[PDB]
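Each answer follows from the model by the rule given with it, or from the source it names; no laboratory instrument gave them. All Cβ positions, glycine included, derive from the backbone under ideal geometry; neighbour counts span all protein chains shown.
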Amino acid sequence: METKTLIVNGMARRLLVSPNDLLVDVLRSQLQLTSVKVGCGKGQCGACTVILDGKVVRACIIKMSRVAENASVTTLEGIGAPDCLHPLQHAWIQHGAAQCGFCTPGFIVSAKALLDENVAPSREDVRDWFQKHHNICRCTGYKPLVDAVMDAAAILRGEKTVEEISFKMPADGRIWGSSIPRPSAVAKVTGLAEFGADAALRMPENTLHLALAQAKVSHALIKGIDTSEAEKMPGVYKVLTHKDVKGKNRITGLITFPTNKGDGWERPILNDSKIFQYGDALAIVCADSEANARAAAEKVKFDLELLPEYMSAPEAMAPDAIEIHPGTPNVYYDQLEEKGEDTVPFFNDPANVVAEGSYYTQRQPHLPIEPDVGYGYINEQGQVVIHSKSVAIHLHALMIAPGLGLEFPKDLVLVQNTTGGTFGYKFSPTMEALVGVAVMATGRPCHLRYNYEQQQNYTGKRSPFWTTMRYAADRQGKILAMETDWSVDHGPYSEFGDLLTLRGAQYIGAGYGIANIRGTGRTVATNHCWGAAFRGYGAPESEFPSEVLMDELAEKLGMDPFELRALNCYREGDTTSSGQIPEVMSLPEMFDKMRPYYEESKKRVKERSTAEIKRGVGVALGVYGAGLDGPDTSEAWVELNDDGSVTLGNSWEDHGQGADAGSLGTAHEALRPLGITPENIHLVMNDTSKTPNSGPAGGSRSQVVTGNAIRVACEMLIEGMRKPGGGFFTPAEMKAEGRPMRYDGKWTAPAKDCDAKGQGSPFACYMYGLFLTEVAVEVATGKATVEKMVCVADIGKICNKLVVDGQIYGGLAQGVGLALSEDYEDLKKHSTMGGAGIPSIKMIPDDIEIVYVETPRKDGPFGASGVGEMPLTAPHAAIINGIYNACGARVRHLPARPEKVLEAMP
Ligand SMILES: Nc1ccn([C@@H]2O[C@H](COP(=O)(O)OP(=O)(O)OC[C@H]3Oc4nc5nc(N)nc(O)c5nc4C(S)=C3S)[C@@H](O)[C@H]2O)c(=O)n1
Ligand code: FES
Ligand code: FES
């Protein structure tokens, strides 16, 4: 060891470090400059970017031995604080460039360094800078980030003033539909926002640090676990196994469908007799530090008997395959889909035009910049309190309580920390029971943190769909029948697997009036990573095949792909694939708005193709519902305060999409008659001991269901304040009358669950999108590049423009990674952020445009619908169609990697 004096943010600092310490750990653990985040931990995400002696570097790959004496270091805390904000922070906030905000510090530091060298960079300049510096963002779609940089540049040049680009309160007083920054913006652009890992530095002394001892084989029987050596290791307080669990040591699927072959009780908290997938946690180590715990976990020995490994749906379907879950077939669920008349006479008729095909959607990894993390402790009332990224706190409490041997809500409390994105993986419990297990055994606060390799090998994935479907149309182009078949590879754990399978009966071919449908669905258990909901939850996987086949049918009929769609879309008379009348009929109108953009891309693409680079254009229609199937309910309370302000209590979980902006905009709008201003609406959210059951932030339901519960609770407060015949009471007069201050609100969606053949009215609101893309294909290699994206959308009235804009940009970006680069197949190649193929800035076109068709929803709060999962419904189908359109190559098996595009090239 040696002391090194280094100047941090203008001040000298003598630090007692070890030459092998990583600059990132030093800055975090010793200087508590928590704004410097550790994402991938391998220098790919740039989330740990700091400026070291004028050079922009990634602090996670810098040894202390390589850092000079008196070296100057600049972190976000050296750029601006909440009281003395930098123009770069102001632009970020005014553009809504910070969603989950986990990559914000790295992007801002990196940007500030760019401006020191170039006061007037072009958008392209900025894009290259982030590209060269590995600044990754999984939320924004990048566009907002560049928009923010360009504005801060004009301000530093003295061309625009801060007050000039900032949101100003209208004479209206209304913030519903405005571009008002989100409540959490400031905390996020300053690096004060505390994420799970950051909290580890601020916990009490006696806090313990966990490490998991994971299985490295995919399938096996457990003959024994030897904790002996790990116990003897330095710093280890205790080592737990399945023997230390008090409850059933199982996680229930809760809502497991009645006709499922299994019972939803197969997931162990800590495996006891079998290993179902690579990553499986067989023991928990408790140490005085993370480094000490991780090091002792490797020293835990397993006595196993290797069983065959079924790494795909087909394999687990082979007739000789053994049951992964003894006493339950690997195909534990069958889904029927029957609408209209029998479809066989339509396919057997030589006079119809038939198009058939087999497609495949991959096991897409969520790739959040922040790996999983959470902590827990014993309450001052004897309750186990667990903090995590859970986006369904009430649901997860119920899913884990029995296996821990606890009772909700008397022994257990769940709290959602500030989340650095989930994109769905948190609809599933990840480490909530593990932390709870540890907390109960020791009685002390425990903090569990996953490295990026665990975020990859031990969190759910999008489940791959194998689809074989076909259309039967007449010579004029009208689709008369459709037959579909799909198989969902769900890994070993069934939570929500059957529900996902039903999603196929609802969405394959959605958006078109197809009178007769016959299909068969299937949920199959495999030994690959289990399935956790992924933004789209059934839409991206169902609509990819139907939208690609649609273009294949168009070619067989000799009709334009865009015009063909325009011909079959919903119209008065048509119903969905569940037999439900669509809540709005704006499709014809959406096609009309899209048409001008389509025909221009048609000319522009032909007029720009090179002999070495062919360019093409592709379209696709995506549809998804807002809300969970059936009578989906939400709760919320509003309480009047003495100073006349209001405190809103809800459980609108935030993945970083902007649940805060949504609660505020909805409350404010509903509280109009009382004149409440935005700064007078306090928010108490996501804590089962304080906030009501609002339901999960999944299914793109929050804005509609929860929005309505918030709306309702406000209307009750308004009525509670009514002075007999004359106006309103005051917080003062209210107290005197002994009148209640808090008002509870609830709302139930007017929908009905689907029956055994997939029919019914499962969602009250839908989200519709028309995608158009211009892709360039390098004929020589097969490397495709999305050059432009236009998206016409109908999501009802907008609650917050910055939020919805940022949601569409972000959604379209993941759409590109889904089509061109992402996957979780090879356990070693796909265990790192870059390996799995997360899109870097240059992969996303700077040229993205959005057109909104604000048709209002009868059942939405103020006529609004969801937006969450809409931008990921069919943008991948569009990219794929574009590629065929460019070079004639047709890829039905995602992702369309270069060599894959090459193979398919006629
Ligand atoms: N007409 C509308 C509709 C929605 N919104 C806003 O848009 C956001 C998304 O609303 P909604 O579609 O109702 O979805 P939820 O709040 O239920 O969020 C869940 C959704 O959010 C998504 N967006 C994400 N965005 C980010 N940055 N990170 C994630 O992990 C995200 N996870 C995905 C996934 S997956 C899901 S299911 C909310 O801030 C809402 O207030 C709006 O301003 N106006
Ligand atoms: S680049 Fe350092 S944590 Fe990712
Ligand atoms: S805002 Fe960039 S990763 Fe979430």
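Looking only at residues in the range 136-166 that are away from ligand 1 (no atom under 15 Å from the Cβ) and in a loop (DSSP other than H, G, I, E, B), which one is nearest to residue 805 (Cα to Cα)? Don't jump to the end; show me each part of the working.
So the first thing to find is which residues in the range 136-166 are away from ligand 1 (no atom under 15 Å from the Cβ), and the list is 146-166.
So of that shortlist, the ones also in a loop (DSSP other than H, G, I, E, B) come out as 157-161, 166.
On the way: 157: 28, 158: 28, 159: 26, 160: 23, 161: 24, 166: 17 Å.
The qualifying residue nearest to residue 805 (Cα to Cα) is 166.
Applying the selection to the range 407-425, what residues are among the polar types (S, T, N, Q) and closer than 15 Å to residue 535 by Cα? So that I can check it myself, show each step before the final result.
Taking the range 407-425 and keeping what is among the polar types (S, T, N, Q), we get 416-419, 422.
Listed by number, the list holds a single entry, 422.
Residues being surrounded by 20 or more Cβ atoms within 10 Å (Cβ to Cβ) and out of contact with any helix residue (DSSP H, G or I) (no Cβ under 8 Å at 6 or more places or on another chain): count how many of those fall in the range 1-35.
1
Limited to the range 36-55, what total is found for residues that are closer than 26 Å to residue 830 by Cα and away from ligand 3 (no atom under 16 Å from the Cβ)? Give the steps one after another, and end with the answer.
Filtering the range 36-55 for residues closer than 26 Å to residue 830 by Cα gives 36-49.
So of that shortlist, the ones also away from ligand 3 (no atom under 16 Å from the Cβ) come out as 42-43.
Number of matching residues: 2.
Restricting attention to the range 359-381, and to residues there that are among the aromatic types (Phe, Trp, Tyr) and in the same structural domain as residue 431 (by CATH), which single residue is nearest to ligand 1 (Cβ to nearest atom)?
Restricting to residues being among the aromatic types (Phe, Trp, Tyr) and in the same structural domain as residue 431 (by CATH), the top hit is 375.
Among the residues of the range 65-98, write down those that are touching a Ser or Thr at 6+ places or on another chain (Cβ under 8 Å), within 16 Å of ligand 2 (Cβ to nearest atom) and over 16 Å from residue 185 (Cα atoms).
The answer is 75, and nothing else.
Go through the range 273-324 and give me each residue that's among the aromatic types (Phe, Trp, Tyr) and either closer than 16 Å to residue 231 by Cβ or touching a helix residue (DSSP H, G or I) at 6+ places or on another chain (Cβ under 8 Å) (or both). Walk me through it before giving the result.
Filtering the range 273-324 for residues among the aromatic types (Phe, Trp, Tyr) gives 276, 278, 302, 310.
Matches in the range 273-324: 278, 302, 310.
Scan the range 845-865 and give yes if some residue there is in contact with a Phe, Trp or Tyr (Cβ under 6 Å, 6 or more places away or on another chain) and crowded, with 22+ Cβ neighbours inside 10 Å, otherwise no.
no
Starting from the range 26-52, take each residue that is farther than 15 Å from residue 451 by Cα and list its partners that are within 16 Å of ligand 1 (Cβ to nearest atom) and β-branched (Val, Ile, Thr), counting only C-beta distances under 7 angstrom and pairs at least six apart or across chains.
Taking only residues 6 or more apart or on different chains, the pairs are 46/136.
Scan the range 127-172 for residues that are within 16 Å of ligand 2 (Cβ to nearest atom) and not basic (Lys, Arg) and jot them down. Walk me through it before giving the result.
Restricting attention to the range 127-172, the residues satisfying the condition of being within 16 Å of ligand 2 (Cβ to nearest atom) are 129-139.
Hits for the range 127-172 are 129, 130, 131, 133, 134, 135, 136, 137, 139.
Looking only at the range 827-844, filter to residues that are without any contact (Cβ under 8 Å) to a residue 60 or more places away in the chain and away from ligand 2 (no atom under 16 Å from the Cβ); which one of those is nearest to residue 792 (Cα to Cα)?
Going through the qualifying residues, I end up with 843.
Which members of the range 610-657 meet the condition of being of a type in the set (A, V, I, L, M, F, W, C) and either without any contact (Cβ under 8 Å) to a residue 60 or more places away in the chain or part of a loop (DSSP other than H, G, I, E, B) (or both)?
Step one: of the range 610-657, the residues of a type in the set (A, V, I, L, M, F, W, C) are 611, 613, 617, 619-621, 623, 626, 628, 636-638, 640, 646, 648, 652.
Answer for the range 610-657, where residues must be of a type in the set (A, V, I, L, M, F, W, C) and either without any contact (Cβ under 8 Å) to a residue 60 or more places away in the chain or part of a loop (DSSP other than H, G, I, E, B) (or both): 611, 628, 652.
Any idea which of 583, 599, 607 is without any contact (Cβ under 8 Å) to a residue 12 or more places away in the chain and touching a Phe, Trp or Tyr at 6+ places or on another chain (Cβ under 9 Å)? Let's see the steps before the verdict.
Details: 583 fails: without any contact (Cβ under 8 Å) to a residue 12 or more places away in the chain; 607 fails: touching a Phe, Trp or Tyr at 6+ places or on another chain (Cβ under 9 Å).
Exactly one of 583, 599, 607 is without any contact (Cβ under 8 Å) to a residue 12 or more places away in the chain and touching a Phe, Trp or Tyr at 6+ places or on another chain (Cβ under 9 Å), namely 599.
Could you grab me the full set of residues in the range 740-751 that are more than 21 Å from residue 649 (Cβ to Cβ) and surrounded by fewer than 16 Cβ atoms within 10 Å (Cβ to Cβ)?
750
What residue, among those in the range 13-25 that are in contact (Cβ under 8 Å) with a residue 40 or more places away in the chain and outside any strand (DSSP E or B), is nearest to residue 101 (Cα to Cα)?
23
Would you be able to say whether some residue in the range 26-35 is within 16 Å of ligand 3 (Cβ to nearest atom) and either assigned to a loop (DSSP other than H, G, I, E, B) or more than 15 Å from residue 66 (Cβ to Cβ) (or both)?
Residues of the range 26-35 within 16 Å of ligand 3 (Cβ to nearest atom): 35.
From the residues that got through so far, the ones that are either assigned to a loop (DSSP other than H, G, I, E, B) or more than 15 Å from residue 66 (Cβ to Cβ) (or both) too are 35.
Checked against the condition, which is being within 16 Å of ligand 3 (Cβ to nearest atom) and either assigned to a loop (DSSP other than H, G, I, E, B) or more than 15 Å from residue 66 (Cβ to Cβ) (or both), the range 26-35 yields at least one hit.
With closer than 30 Å to residue 315 by Cβ, surrounded by fewer than 19 Cβ atoms within 10 Å (Cβ to Cβ), polar (S, T, N, Q) and out of contact with any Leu (no Cβ under 7 Å at 6 or more places or on another chain) as the only criterion, which of 259, 252, 207 stands out? Can you show your working first?
Details: 252 fails: surrounded by fewer than 19 Cβ atoms within 10 Å (Cβ to Cβ); 207 fails: closer than 30 Å to residue 315 by Cβ.
Exactly one of 259, 252, 207 is closer than 30 Å to residue 315 by Cβ, surrounded by fewer than 19 Cβ atoms within 10 Å (Cβ to Cβ), polar (S, T, N, Q) and out of contact with any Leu (no Cβ under 7 Å at 6 or more places or on another chain), namely 259.
Check whether at least one residue in the range 105-118 is more than 23 Å from the chain's Cα centre (by Cα), surrounded by 24 or more Cβ atoms within 10 Å (Cβ to Cβ) and away from ligand 3 (no atom under 16 Å from the Cβ), and report yes or no.
no
So how many residues does the range 890-906 have that are within 12 Å of residue 778 (Cα to Cα), hydrophobic (A, V, I, L, M, F, W, C) and surrounded by fewer than 24 Cβ atoms within 10 Å (Cβ to Cβ)?
2
Any idea which of (1) of a type outside the set (A, V, I, L, M); (2) assigned to a strand (DSSP E or B); (3) in contact with a helix residue (DSSP H, G or I) (Cβ under 6 Å, 6 or more places away or on another chain) is the one residue 766 doesn't satisfy?
(3)
Does any residue of the range 814-831 turn out to be crowded, with 19+ Cβ neighbours inside 10 Å, acidic (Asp, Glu) and away from ligand 1 (no atom under 12 Å from the Cβ)?
yes
Is there a residue being touching a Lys or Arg at 6+ places or on another chain (Cβ under 9 Å), not hydroxyl-bearing (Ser, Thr, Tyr) and not in a helix (DSSP H, G or I) anywhere in the range 123-135? Steps first, please.
The first filter runs over the range 123-135 and keeps only residues touching a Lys or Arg at 6+ places or on another chain (Cβ under 9 Å), leaving 127-128, 130-131, 133-134.
With the extra rule that they be not hydroxyl-bearing (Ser, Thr, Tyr), the set shrinks to 127-128, 130-131, 133-134.
From the residues that got through so far, the ones that are not in a helix (DSSP H, G or I) too are 133-134.
The answer is yes; a qualifying residue exists.
Identify, from the list 12, 59, the residue that is within 16 Å of ligand 2 (Cβ to nearest atom) and outside the structural domain of residue 110 (by CATH). It would help to see each step written out before you state the result.
On the way: 12 fails: within 16 Å of ligand 2 (Cβ to nearest atom).
Of 12, 59, the one residue that is within 16 Å of ligand 2 (Cβ to nearest atom) and outside the structural domain of residue 110 (by CATH) is 59.
When the residues of the range 625-638 are filtered to those that are touching a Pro at 6+ places or on another chain (Cβ under 9 Å) and not hydrophobic (A, V, I, L, M, F, W, C), which remaining residue is nearest to residue 810 (Cα to Cα)? Don't jump to the end; show me each part of the working.
As a first pass, look at the range 625-638 and keep what is touching a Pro at 6+ places or on another chain (Cβ under 9 Å): 625, 627-631, 634-637.
If we keep only those that are not hydrophobic (A, V, I, L, M, F, W, C) too, we end up with 625, 627, 629-631, 634-635.
Numbers: 625: 19, 627: 20, 629: 25, 630: 28, 631: 30, 634: 27, 635: 29 Å.
The selected residue is 625.
Given 106, 101, 41, which one is within 14 Å of ligand 2 (Cβ to nearest atom), small (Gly, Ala, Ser), closer than 26 Å to residue 834 by Cα and not in a helix (DSSP H, G or I)?
Working: 106 fails: not in a helix (DSSP H, G or I); 101 fails: within 14 Å of ligand 2 (Cβ to nearest atom).
Of 106, 101, 41, the one residue that is within 14 Å of ligand 2 (Cβ to nearest atom), small (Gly, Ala, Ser), closer than 26 Å to residue 834 by Cα and not in a helix (DSSP H, G or I) is 41.
Considering only residues that are outside any helix (DSSP H, G or I) and small (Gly, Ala, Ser), look in the range 85-98 and name the one that is nearest to residue 34 (Cα to Cα).
The first filter runs over the range 85-98 and keeps only residues outside any helix (DSSP H, G or I), leaving 85-86, 96-98.
Imposing the further condition that a residue be small (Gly, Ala, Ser) reduces the set to 96-98.
Details: 96: 22, 97: 20, 98: 17 Å.
The residue in question is 98.
Can you tell which of 884, 809 is under 29 Å from residue 654 (Cβ atoms) and either out of contact with any helix residue (DSSP H, G or I) (no Cβ under 6 Å at 6 or more places or on another chain) or in a helix (DSSP H, G or I) (or both)? Spell out how you get there, then give the answer.
Working: 884 fails: under 29 Å from residue 654 (Cβ atoms).
Exactly one of 884, 809 is under 29 Å from residue 654 (Cβ atoms) and either out of contact with any helix residue (DSSP H, G or I) (no Cβ under 6 Å at 6 or more places or on another chain) or in a helix (DSSP H, G or I) (or both), namely 809.
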